[PDB]
Every structure is written in C-alpha cells, then in structure tokens.
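Protein chains in written order, with the deposited numbering: chain X, 4 to 636; chain X', 4 to 636. A prime marks a further copy of an entry chain.
Number of protein chains: 2
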Amino acid sequence: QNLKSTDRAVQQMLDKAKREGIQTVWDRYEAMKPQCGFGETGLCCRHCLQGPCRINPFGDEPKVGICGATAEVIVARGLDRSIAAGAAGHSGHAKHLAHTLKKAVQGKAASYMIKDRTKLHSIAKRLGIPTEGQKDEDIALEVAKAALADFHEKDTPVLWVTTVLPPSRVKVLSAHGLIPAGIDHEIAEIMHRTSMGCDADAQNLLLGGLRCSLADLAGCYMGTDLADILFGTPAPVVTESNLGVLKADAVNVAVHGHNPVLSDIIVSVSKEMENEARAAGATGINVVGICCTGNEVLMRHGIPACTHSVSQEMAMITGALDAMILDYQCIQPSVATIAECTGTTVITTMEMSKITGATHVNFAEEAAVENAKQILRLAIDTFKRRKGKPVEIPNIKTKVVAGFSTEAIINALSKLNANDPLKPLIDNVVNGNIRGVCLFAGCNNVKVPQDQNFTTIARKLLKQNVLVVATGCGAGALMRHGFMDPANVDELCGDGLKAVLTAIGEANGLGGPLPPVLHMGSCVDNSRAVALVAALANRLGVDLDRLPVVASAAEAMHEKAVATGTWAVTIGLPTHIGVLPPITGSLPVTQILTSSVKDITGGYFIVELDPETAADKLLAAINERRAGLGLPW
Amino acid sequence: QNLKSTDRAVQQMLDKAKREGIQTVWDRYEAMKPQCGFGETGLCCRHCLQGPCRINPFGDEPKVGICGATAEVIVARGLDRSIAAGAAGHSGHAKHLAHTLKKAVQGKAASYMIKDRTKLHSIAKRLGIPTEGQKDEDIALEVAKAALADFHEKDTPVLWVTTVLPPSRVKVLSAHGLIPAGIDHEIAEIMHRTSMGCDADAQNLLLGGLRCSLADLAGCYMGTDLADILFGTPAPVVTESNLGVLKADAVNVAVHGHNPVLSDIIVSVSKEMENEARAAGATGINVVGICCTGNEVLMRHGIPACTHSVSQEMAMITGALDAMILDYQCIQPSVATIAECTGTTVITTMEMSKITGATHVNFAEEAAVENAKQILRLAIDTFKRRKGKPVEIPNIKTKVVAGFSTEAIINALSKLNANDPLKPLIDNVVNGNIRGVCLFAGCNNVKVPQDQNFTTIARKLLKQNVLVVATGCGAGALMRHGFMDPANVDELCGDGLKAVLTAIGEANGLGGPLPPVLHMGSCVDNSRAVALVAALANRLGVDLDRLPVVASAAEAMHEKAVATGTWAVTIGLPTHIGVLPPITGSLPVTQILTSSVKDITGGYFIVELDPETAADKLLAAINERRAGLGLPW
Ligand code: SF4
Ligand code: SF4
Ligand code: FES
Ligand code: FES
Ligand SMILES: [Fe+2]
Ligand SMILES: [Fe+2]
C-alpha cells in the first residue's frame with residue numbers, strides 16, 4: 004500500500020477497503036491504465052464536432068488538426084481552457100463570499116457579520132474606499148460592491164490584481180497587456196479565443212492564459228480578504244491531523260469542499276447542539292476537516308484535519324464518519340456510492356454542485372443556522388444507527404501548529420523588531436540563516452504516491468535552511484507527516500533555519516521554535532503568500548522576480564492548481580510542477596512556459612517529476628536569485 | 004470529389020488542389036481516420052491532471068473515472084463546456100459591438116454612427132429605457148450600457164432573454180431556474196461546476212447547460228440588435244453566390260469571420276479606393292463574403308458570397324483571391340499556410356485572434372478608415388504581383404435574393420394585411436398552404452458531404468409546403484444550390500407554399516414569388532427567427548412549444564452551433580442535429596436531451612444522421628404541433 008500512499012493511516016484503510024471489496028481512487032486508476040498518450044501529451048482536441056482530432060507525438064499522420072490547428076495551437080488552447088476553469092472555481096468561491104458579505108450588512112443574513120473590522124478598513128484603504136467618518140456597514144457594502152465589480156469590465160482594471168502587487172510589477176504586466184479587465188470577462192474571452200477558428204498563435208494564446216491566471220489570483224485574494232472580514236483573520240493555533248482525530252464515541256462530521264460560508268456556521272452550531280448530541284449517546288459533535296474547507300476551519304478555529312485530496316474516501320472506510328457535509332470543488336463523486344457501504348450520510352448544500360445519490364440540503368445564508376441544525380440532526384441520526392458496530396479508526400495523528408496568516412507572521416516577527424517587522428526576516432536571508440522561501444501548494448494526485456513529492460522536496464529544502472510555507476493539500480501532506488510540529492525542528496531543519504525559528508518562537512513566549520513549515524491556509528490563501536512576498540518586495544525596493552522565492556505544486560491535480568502555477572509564473576516566481584501537464588506534445592509551448600516567459604515576467608515553470616531532482620532545481624533557482632542580489636549562497 | 008462536397012465549384016477546386024499538392028480540410032480529415040471513439044461518444048475527460056480518463060462504451064473496465072465520475076457526469080460536463088464556449092463566442096461578438104456603439108456616441112469613433120434610429124428607439128422601449136424627450140446619442144448610450152450590464156449579475160436578469168421571449172415562456176423557464184443571471188456569469192459558472200469534484204448529477208448539470216444556452220441566445224439577440232443600430236436593418240437584396248463571383252480582372256478581397264464592425268467599413272472604403280485600384284490595373288475592388296461576416300454584408304449591402312464554412316480554402320485555390328481579411332471564429336488556421344502557395348495575403352485584425360504566419364493589422368474603431376486603407380493597399384499590392392498569372396475561377400454562381408430580417412418579413416406580409424401583418428401567414432398555416440416553419444442553421448462539417456443534408460432535407464420540406472428560413476452556413480448551403488432564386492419556386496415548392504410565396508411577392512410589386520427559402524442572416528441572426536416566432540406566439544396567445552416550428556442544425560460543427568441548438572430546445576422547439584454530438588456514450592443523457600426535456604421546456608433534440616429520415620422526423624414534429632392546435636395535417 005506504500006506504493007499508493009506514504010500515509011500510514013491511509014495504508015491501513017486501504018487494507019480494510021480491499022478486504023471489504025470497496026473500490027477506491029487507486030483501484031479506479033489501475034483500471035484506467037494504460038492512459039491515453041494523446042491526452043497525456045496534450046495532442047488531442049475536441050473543440051468542435053469535426054473532432055476528436057489527435058496528433059501523433061512522433062511518426063506519421065495525423066500531424067495536424069482537421070481545421071489546420073497545429074500541435075502548438077492545440078496544446079496552448081487546452082492549457083488556456085484549464086486556466087480559465089481554475090479561475091472560474093476560485094473566483095466563484097470569492098463571488099459567493101462577496102454576496103454573503105453584502106447580505107450580512109444589508110440585514111438579510113444575521114448569522115454573518117463583520118468579525119474583523121481592522122481587516123475591513125485595511126482592505127477599504129487599499130482599494131481607495133473612504134473610511135473616514137463612515138459606518139462599518141457602509142464600508143463593507145462598498146467593499147462587497149467593489150469585489151463584484153471586478154468580475155466585469157469597468158473604468159478600472161481588476162483591483163484585486165492592481166492593488167495587491169507592487170507598482171513595478173503592475174507596470175511590467177501592463178506593458179505586456181497582461182492585467183485582467185474583469186474576472187468573468189477574461190474567462191469568457193479564453194473560451195472564445197480557444198474555440199474553433201479563432202486564436203491560432205501559440206504566443207498570443209499563452210499571453211491570454213497568463214492574463215486569465217491573474218484573474219485566478221484576483222479571485223484567490225478576494226476570497227481570502229472577504230473570508231477574513233466575515234470569519235476573522237487566522238492567528239496561531241494548535242490542533243491535530245490524520246484519521247486518528249476521529250472518535251468512535253462521538254458524532255463525527257467532516258466538512259469538505261472549499262467555501263467556509265457553510266463550514267464556519269457548522270462549527271458554531273455544532274457547539275450549541277452538544278447536549279442534543281449527548282442525549283443520543285454520543286460524547287458530542289466532533290467536526291473534522293477535509294480539503295480546503297477543512298483548512299479554513301483549521302486556520303480560524305483549530306478544527307482537526309481528518310485527511311486531504313486523493314485519500315478522502317479513507318475517512319469513510321473507518322466506519323466512524325457519520326456525515327460528510329459538502330459544498331464544492333475537489334470532492335470525489337465516489338463518496339456518494341461509498342456512503343452506501345460505510346453508513347455515512349453524504350450531504351450536498353450548493354445548487355450548482357450536486358451528486359447523484361447524495362442527500363441535498365439547500366443552504367441559504369438567510370437560513371444558515373436552521374440549515375446547520377437540519378444537517379447536524381441527520382448526522383446524529385446516523386451515529387445512532389451505528390451503535391454497536393465496530394469501527395476501525397487508525398490510532399495515527401500528528402500535532403499541527405498552524406494559523407500563519409501574513410498578519411500573524413508579521414506580528415510574530417514584530418516581537419524581534421517592532422517598527423520594522425520584515426527586517427529580521429530579511430536580515431537572516433542576507434546572512435544565510437534563511438536561504439530563501441518555498442511555497443508548497445496544490446493537490447495530491449493518484450499518479451504520485453501520496454505526499455511523497457511534498458515530503459521528499461521539503462526535507463531537502465529544510466536541511467538547506469529554506470523557509471517553507473504551505474497551503475491547501477500541500478499543507479495537508481506536510482501536516483500529516485509531522486512538518487507542522489515544532490518538536491521536529493531539530494530533526495528536519497538546517498542550523499541557520501533552526502536558529503531563526505527558535506529566535507522567533509522564543510520571542511513570542513514559546514520556549515520553543517515555530518514549526519518547521521508555516522501553514523498559510525487554504526488554496527485561496529496562496530494569496531496570503533503573495534501578500535507576504537509583495538510586502539518583502541516593497542520593503543526592499545525590488546520586484547518579485549529578484550527575490551529568492553519559489554513555488555512547488557509538487558503533486559498537482561486540479562485545474563485550479565494549473566491556474567495557480569501559471570499566476571505564480573506571471574508574478575515572477577520559479578514554479579515547480581511535479582506532475583506532467585499536458586504540454587509535452589509541443590516543444591514550442593514547453594519552451595515558452597519553461598524558458599522564454601522568463602523574458603516576459605521573470606518567472607518560469609520547472610517541470611520535474613523526480614522529487615530529489617526537483618529539490619535540486621528549486622535550490623538552484625533560489626541560489627541564482629541570491630547571486631543576482633549579490634548574496635553568498 | 005462529389006463524396007466530399009456537393010458544390011460543383013468546390014469539386015473543381017478540389018481537383019486543382021489535388022494536382023498542385025495543396026492539402027485541404029478533407030485530406031486532413033482522411034488522415035485523422037479512424038477517429039477516437041471515446042471522444043466521439045463523449046466518454047473521455049481531461050478536466051484534471053489525473054486524467055485522461057476514458058470509459059469503454061461497452062465491455063469491461065474502464066467503467067468509471069478516476070475520481071468516480073460516471074459516464075453520465077462525464078458526458079454532461081463535456082456538453083456543458085461546449086455550450087459555454089459557444090455562448091462565449093456569440094456574446095464576445097455582441098460585447099464588441101456594445102463597445103463600438105458606446106464609442107460612436109461618445110465621439111470616439113466617427114466612422115460609426117446610429118444608422119437605424121427607429122430600431123434604436125424600439126430596442127430602448129423593449130428594455131424600458133425612456134426615449135421621450137431624449138437625444139438619440141443618450142438613448143444609444145443607455146442601450147449600450149444595458150448591453151454591457153447583461154454580462155454580469157445585477158438587480159435584473161439578462162434582459163436580452165427576459166424582454167425577447169413571451170412572458171409565458173419566461174415564466175416556464177424561471178420556474179425551472181433557467182433564466183440567466185449574467186452572460187459571463189453563466190459561462191464562468193459552467194466552467195466551475197464542470198471542473199473536477201464539483202457538479203456530478205446529470206440532470207443538474209444539464210439544467211445549467213440549458214441556462215447557459217439562453218446566455219448564448221442573449222448574445223445573439225444583442226449582436227443582431229446592435230449591428231442593426233450601427234449598420235442598418237436588412238431589407239430585401241439581390242446578389243450572387245459561389246466562387247464565380249470572383250473576378251480575374253479585379254482586386255478580390257474576402258471578408259471572413261463574424262463581426263461586421265470591420266467588414267462594414269471595408270465595404271465603404273473599398274468604394275472610395277476604386278481609382279487607387281484602377282491605377283494598379285484592376286477594374287476595381289471586388290469585396291466578397293465568407294462565413295458570417297460575409298452574410299452580414301450580404302444582408303445589408305448585397306455583397307456576393309464567395310463560399311462558406313468547410314470549403315473556405317477553395318476560394319484561395321482559384322489563385323485570384325488577393326486578400327482574406329479576418330476577424331474571429333470559424334476561420335480554418337490552414338489559410339495562413341495555404342496563402343504561401345496561392346499568393347493570397349491573409350490579414351488578422353483582432354488582438355485575441357491571430358494566426359502564425361498571417362499579417363496582423365491592429366484594428367481600432369477609432370482608426371477604422373485608416374486601417375481599412377492599410378489593409379486594402381496590401382490587397383492591391385497582391386493583385387499587382389499576379390499580373391499575368393493564370394487563375395482558375397469556376398464559372399459557377401447562383402442568383403441570391405436575401406435580406407429577410409424579421410422587420411422585412413413583416414413589411415412584406417403587411418402588403419397583404421397592413422394593420423395585422425402576421426395574420427396572412429397564420430391564415431395560410433391554418434388552411435394548410437403553409438404546413439409549418441423550419442429554420443436551417445449552423446455549419447458544414449467535413450464528416451458530411453458538403454451541403455447534402457441541408458439540400459436533401461430542404462427539398463422534402465418544401466415539397467410538403469413548409470416555409471423554410473435559413474441563417475449562417477445553412478443559408479450558405481441553400482444559396483449556393485439555387486434555393487434563394489425565385490426562378491426555382493415552381494421546381495422546388497409544394498402548390499400551397501408556391502401560392503403564398505407568389506401572393507406575397509406580387510403584392511410587393513415583384514411579378515414573381517419570394518424565393519423558396521428566406522435568408523434571415525448570420526448566425527447571431529438566428530435571433531431574428533426567434534423574434535419572428537415569438538411575435539407569432541404573442542399574436543396567437545400561445546407559447547412557442549405549441550407552434551408548428553422546428554429547427555435543423557443539419558451539418559453542425561462549431562461549439563456555437565451546439566449552444567444554438569440547445570437554446571432552440573430550451574425555448575420550446577423540436578431541434579434536429581445532423582451530426583453526432585458527443586452524447587451517445589450515456590443513455591441517460593441522451594434520453595434527457597431527446598425526450599424528458601420535453602417535460603421541462605417543450606422542445607427536444609432529434610439526433611438523426613440520415614437526411615431523408617431527418618426530414619420525415621421534422622415533418623412528424625411539425626404535424627404533431629399542427630394536431631395539438633386542432634389543425635388538419
Ligand atoms: S477545432 Fe480543429 S483541431 Fe479541434 S476538433 Fe475541431 S477540427 Fe479538430
Ligand atoms: S475530473 Fe475525474 S474523470 Fe476527469 S480527468 Fe480528472 S479524475 Fe478523470
Ligand atoms: S484521443 Fe485520448 S484524450 Fe483524445
Ligand atoms: S481517449 Fe480519445 S478523445 Fe480522449
Ligand atoms: Fe482546494
Ligand atoms: Fe458564424
């Protein structure tokens with residue numbers, strides 16, 4: 004099973020699924036092999052009904068599409084559509100939160116309120132919205148209308164791009180025509196230009212993709228901004244992760260998906276229903292996280308993380324998961340059929356994301372508490388049914404310190420230098436105690452033994468004194484293998500990095516270091532890492548493509564991950580991807596994305612499936628950036 | 004060659020291309036066979052990097068996607084994305100025209116003006132915009148801002164849906180949640196819901212597709228509305244079609260693509276440059292049309308149509324095509340490589356639609372006349388080079404009567420009944436002289452011998468007294484085979500239909516009938532057919548799904564055609580498609596689209612590749628509608 008996942012609790016559930024004859028994601032993978040090489044390489048097109056068109060990577064015909072589309076065009080068009088799909092997901096989440104905030108401050112949704120008024124005012128100031136003498140509710144209404152305006156064309160560009168990146172970066176992007184005009188505008192323009200008989204020049208197509216990737220960035224940054232207003236900005240928290248956070252004696256309820264608009268309410272209401280759950284013979288309601296909605300309540304409330312991404316079915320295989328409460332994105336639709344075998348009540352809550360065989364509870368912000376109780380009573384009913392059934396919860400969990408929003412990181416640093424908080428970080432970059440910064444991001448992927456790339460690469464970088472930050476299911480991978488436990492600093496970290504982590508931790512009254520890896524939140528919270536990196540750029544007076552900062556989507560899967568890797572390149576970062584995107588069928592596209600884009604944005608992709616080699620390549624990238632700054636390396 | 008195209012001028016150019024070794028669309032098709040059956044059936048998914056996933060139509064594994072997506076989900080998600088792509092194209096065209104109108108009335112683009120102020124005021128009234136005491140420029144500014152607002156969410160739904168369909172139809176659609184909230188909003192929501200781990204219920208997915216198809220309808224109707232304001236509403240015109248409209252002695256310039264914003268200006272400026280073209284030894288500039296931008300200048304100015312869709316390369320093979328002026332959509336990118344062999348200057352003009360190897364002239368509405376001269380001087384230079392080269396223009400053309408906008412049709416009818424113009428049409432439906440109405444729409448497709456389905460089905464329907472209207476490359480197919488020539492009424496038409504066509508024609512002072520088929524314009528001008536059909540619904544007090552009206556996308560290709568077929572179903576029409584869409588891999592999806600959707604919208608798809616069988620099925624559909632109205636059939 005270790006060839007499937009390096010997570011020992013997942014291995015145990017894989018053995019249980021095997022002997023119970025429950026098909027898993029890995030079984031469905033094996034049944035798909037060998038996979039189609041045309042699609043793997045990107046040399047397939049179904050953009051009109053003359054297709055499917057495919058092109059032989061090598062050999063004889065077919066060499067070209069029926070309409071005359073070249074391999075270069077076909078590959079670029081497919082990639083563009085994946086970027087637009089990802090942008091649509093992140094920005095649909097953000098749009099949902101914009102409407103929730105508008106409703107909250109119009110008196111239409113009383114379960115929701117402004118919890119972070121400091122963040123509200125700072126966002127308003129960044130956007131140019133006056134706050135002087137204005138009521139919070141009116142400021143928030145203006146912030147929500149600005150969020151919504153950024154979806155369409157108007158007399159300004161997308162402000163959740165142009166107000167979050169340094170002016171020098173905006174200038175470079177504007178010169179190349181890369182600043183988005185409107186989030187949904189760009190998504191639709193991608194779909195138009197990539198339809199049959201439209202754009203057919205690889206460079207032109209790919210510049211459109213870079214622009215649409217900044218619409219994805221805008222959606223991420225908007226989603227984080229609005230979620231912090233509504234639910235509070237994360238601060239350091241301590242909790243646990245992996246399947247052993249489930250409890251046989253409790254009603255186990257997993258929140259799974261992306262949008263905390265629901266999950267945050269579930270957390271509160273589950274507290275109120277403790278007695279209504281004890282009367283059923285439970286000890287309480289034990290809310291646990293899966294995927295990014297789990298990260299959201301982990302960062303804000305310390306809710307323990309059950310599992311992530313590719314291994315989500317394994318939470319059900321324990322037999323102890325009484326409900327799985329779903330919104331949208333990254334939910335394997337298999338959970339609906341597995342639920343029959345495992346006794347789990349699967350519940351969907353969003354109109355545009357249903358699964359045949361699941362129970363649907365329409366959620367409306369106006370009824371949030373009402374809906375939460377309806378959902379949690381179905382969970383309690385399910386716990387009652389498994390009275391006296393054995394369960395198999397692996398007794399495996401890690402300790403997790405998290406909650407490192409950019410504000411939290413700056414506050415932590417400010418204990419060392421109160422009026423120039425970024426300076427102690429920069430000081431230790433210059434003196435070599437911190438070699439550079441690596442963000443791990445994105446998914447797991449069934450093609451890669453689960454977590455293997457994240458942990459192999461992180462170990463090499465930590466030993467070389469790289470400051471490692473993580474989000475999404477990259478944060479999930481590292482947390483489940485001990486990388487968010489300060490007890491593991493001595494083992495994992497180079498002496499320079501250990502010295503900094505200990506200095507900061509002890510100055511925040513800890514008697515111990517910060518954890519080896521800093522958890523910066525959900526996938527939309529990749530925007531927090533952008534906030535930190537742009538704040539360092541502004542303090543140093545240099546653009547992001549001169550900083551010793553890199554990113555790794557080490558086991559990417561979702562179209563969202565492709566969009567996010569692309570905006571990391573577009574804002575100036577060397578960006579590793581550890582699974583093959585469908586680009587190898589065109590050398591000219593590959594050369595643009597891994598080489599000549601450097602001349603446009605300063606970032607570039609590093610496509611590398613071997614994780615030891617990837618770690619070497621990321622270190623070289625960091626160290627080239629150090630050299631360009633005149634720093635030893 | 005008759006197995007490739009039924010167009011004899013295309014057959015002649017196919018022989019020339021063969022002996023010159025110029026590869027064509029049909030050669031590239033043959034080189035693609037056998038095509039992938041997974042993609043043909045819709046049983047392939049590449050929506051994340053765990054894929055490609057495919058499902059065997061029959062047999063053993065694979066049976067399901069890696070994430071657990073069923074055949075039903077995979078097929079519905081692929082279809083939804085095609086609908087969103089089509090909507091993006093039609094509505095991107097409309098958006099372009101909204102910005103052009105705004106610029107024109109702000110004094111930013113003096114080559115453009117309000118040419119149809121009656122249409123402007125009628126549109127304003129339909130939208131609820133006051134006109135009483137307001138300047139035209141201010142009315143138009145309000146109309147353009149309303150067009151742009153319909154792309155995003157706001158306090159009203161998409162008005163280019165809710166103000167163009169009868170209230171009873173809107174009510175049915177609203178009850179099912181099918182009215183779009185915003186055009187780009189719906190496109191983006193499609194892309195989100197169809198991404199990995201989101202919507203996974205075939206009915207839910209397909210209802211989203213129906214809603215997005217009405218966003219495509221809104222884009223079409225907006226594009227027609229704005230283009231009529233700017234360039235004039237079509238009235239009856241007489242011209243010619245097919246390759247023989249090219250002239251060896253002239254500078255032949257083809258306008259190709261979709262948006263008339265450019266082409267309309269080319270037509271005017273080419274008139275001004277006649278002398279500058281005679282000085283080069285031409286007789287003049289001979290502007291000809293390809294695809295829908297050709298239809299646009301055909302409908303408004305009588306510009307002759309050179310060719311359409313699948314046969315576009317053949318215009319270049321004559322050797323006499325000095326320039327091909329491109330905007331976007333439905334342009335085979337092969338034209339750029341063929342141009343080297345044929346001496347043709349291929350010019351692109353829109354930033355989001357370039358072709359490697361073409362010459363790019365950035366077009367800006369503010370410089371329109373300037374750009375037009377630059378482009379037309381490159382054309383003249385190319386004519387000079389082919390001095391003394393032989394050309395092979397097939398001496399094959401048809402006569403074409405066209406320009407039947409809905410206003411033109413109503414005015415024609417009003418000669419028989421001035422104050423109740425729709426009544427003579429309804430009278431002849433009731434008495435059987437007109438059996439019903441069929442709209443032919445959409446493309447040609449290399450899978451189908453060119454034009455064969457359109458002409459086979461049209462002949463059967465005309466002999467049965469069906470009133471046939473056509474747009475796009477369906478209009479192109481029929482015009483090139485004589486169906487727009489009144490001289491062919493006796494041969495083609497049933498006695499009842501001939502009697503009506505003659506009665507109307509003679510009352511419009513013609514001494515002859517209307518043509519056998521009424522050309523209603525470009526693809527966006529399918530909206531004109533909706534205007535006519537909704538006007539008949541309102542006069543009769545019944546919804547569209549009780550009228551004896553059907554549609555046929557007899558040789559569909561483009562994602563736009565899929566979107567348009569879907570909104571034809573959604574507004575209540577039996578809708579034939581004559582090529583296989585990628586749905587046969589899921590029986591449940593097929594049954595929804597061809598059967599149970601009747602219970603939702605009253606329309607339905609008729610998937611039928613044999614054209615004689617298709618004509619029978621369309622007649623049965625018409626005659627079932629007649630019976631439901633109590634009419635003989
Ligand atoms: S757009 Fe061109 S390459 Fe793609 S399926 Fe259609 S003919 Fe083939
Ligand atoms: S979304 Fe599911 S079916 Fe599609 S490629 Fe990814 S794993 Fe396969
Ligand atoms: S030929 Fe396999 S992805 Fe299309
Ligand atoms: S397996 Fe051929 S279209 Fe994907
Ligand atoms: Fe996520
Ligand atoms: Fe068209």
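Don't be surprised by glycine CBs; every beta carbon is placed ideally from N, CA and C.
Run the proximity test for residue 295(X'): is its beta-carbon closer than 7 Å to any non-hydrogen atom belonging to ligand 6? yes
Grouping DSSP H, G and I as helix and E and B as strand, with all else coil, what is residue 607(X)? strand
Alpha carbon of residue 346(X) to alpha carbon of residue 385(X), nearest angstrom: 7 Å
With a cut-off of 8 Å, do at least 3 Cβ pairs link the region 76–94 of chain X' to the region 210–222 of chain X'? yes
Are there any heavy atoms of ligand 5 lying less than 7 Å away from the beta-carbon of residue 99(X), as far as the coordinates show? no
At a Cβ threshold of 8 Å, is residue 603(X') touching chain X? Judged by the 8 Å Cβ criterion, residue 603(X') is not in contact with chain X.
Can you confirm whether residue 355(X), when its beta carbon is compared against all beta carbons of chain X', has any partner nearer than 8 Å? yes
Less than 8 Å between CB atoms is the rule here; does residue 224(X) satisfy it with respect to chain X'? no
Applying the criterion that 16 or more other CB atoms from any shown protein chain within 10 Å of the CB defines a buried residue, is residue 46(X') buried or exposed? buried
Contacts that residue 359(X') makes with chain X (C-beta to C-beta distance below 9 Å): 73, 75, 76, 203, 204, 205, 206, 207
Counting C-beta neighbours from all protein chains within 10 Å, is the total for residue 267(X') 16 or more, i.e. buried, or is it exposed? buried
Find the residues of chain X' that neighbour residue 177(X), judging by a C-beta separation of less than 9 Å, and give them in chain order. Simply none; closest approach about 15 Å.
Taking just the CA atoms, how far does residue 12(X') sit from residue 69(X')? 50 Å
Relative to chain X', which residues along the region 32–56 of chain X have a C-beta separation below 8 Å, given in chain order? 32, 34, 35, 38, 39, 41, 42, 43, 47, 49, 50, 51, 52, 53, 54, 55, 56
What does the alpha-carbon distance come out to for the pair residue 229(X) and residue 410(X)? 15 Å
Can you tell which of 79(X'), 14(X'), 329(X'), 121(X') has the C-alpha that lies nearest to the C-alpha of residue 587(X')? Residue 79(X') holds the alpha-carbon nearest to the alpha-carbon of residue 587(X') among 79(X'), 14(X'), 329(X'), 121(X').
Hey, residue 39(X) and residue 57(X') are a contact pair by Cβ (cut 8 Å); roughly how many whole angstroms apart? The distance from the Cβ of residue 39(X) to that of residue 57(X') is about 6 Å, consistent with a contact at the 8 Å cut-off.
Looking at chain X, is there any beta carbon in it that lies within less than 8 Å of the beta carbon of residue 128(X')? no
Complete runs of the beta strand (DSSP E) confined to the region 368–445 of chain X [at least 3 residues]: 401–405, 440–443
For the region 185–203 of chain X, list every residue whose C-beta sits within 7 Å of some C-beta in chain X', in sequence order. 187, 188, 190, 191, 192, 194, 195, 196, 198, 199, 200, 201, 202, 203
Please list the terminal residues of the continuous beta strand (DSSP E) segment that includes residue 325(X). 324–329
For a contact defined as C-beta to C-beta under 7 Å, what are the partners of residue 154(X') on chain X? 155
Could you tell me the alpha carbon to alpha carbon distance between residue 1(X') and residue 413(X'), rounded to whole angstroms? The requested residue 1(X') is not part of the displayed model; chain X' covers only 4 to 636.
Would you please state the rounded distance, in angstroms, between the beta carbons of residue 44(X') and residue 585(X')? I believe it to be under 8 Å. 6 Å
Let me check one thing: in DSSP terms, what residues is residue 578(X) bridge-paired to? 554(X), 608(X)
Under 8 Å Cβ-Cβ, which residues of chain X' neighbour residue 115(X)? Those do not exist, as residue 115(X) stays about 19 Å from chain X' at its closest Cβ, beyond 8 Å.
Contact set between residue 87(X) and chain X', taken where Cβ atoms lie within less than 7 Å: 194
Taking three-plus beta-carbon pairs below 8 Å as touching, is the region 609–620 of chain X in contact with the region 459–471 of chain X? Yes, since at least three Cβ pairs between the region 609–620 of chain X and the region 459–471 of chain X fall closer than 8 Å, the two stretches touch.
When the cut-off is 8 Å and only beta carbons count, does residue 337(X) lie next to chain X'? When Cβ-Cβ separations below 8 Å define contact, residue 337(X) makes contact with chain X'.
At the level of alpha carbons, what is the spacing between residue 444(X') and residue 236(X')? If you take the alpha carbons of residue 444(X') and residue 236(X'), they lie about 20 Å apart.
Can you find a CB in chain X' that lies within less than 8 Å of the CB of residue 561(X)? yes
Nearest-angstrom Cα separation, counted from residue 589(X) out to residue 323(X'): 35 Å
Going by C-alpha distance, which of 448(X), 632(X), 605(X), 622(X) is nearest residue 171(X)? 605(X)
Whole angstroms is fine: what's the gap from residue 370(X)'s alpha carbon to residue 336(X')'s? 53 Å
Pick out the complete beta strand (DSSP E) segments inside the region 468–499 of chain X, 3 residues or longer, and give them in chain order. The qualifying runs are 470–474.
Cα separation between residue 428(X') and residue 542(X')? 11 Å
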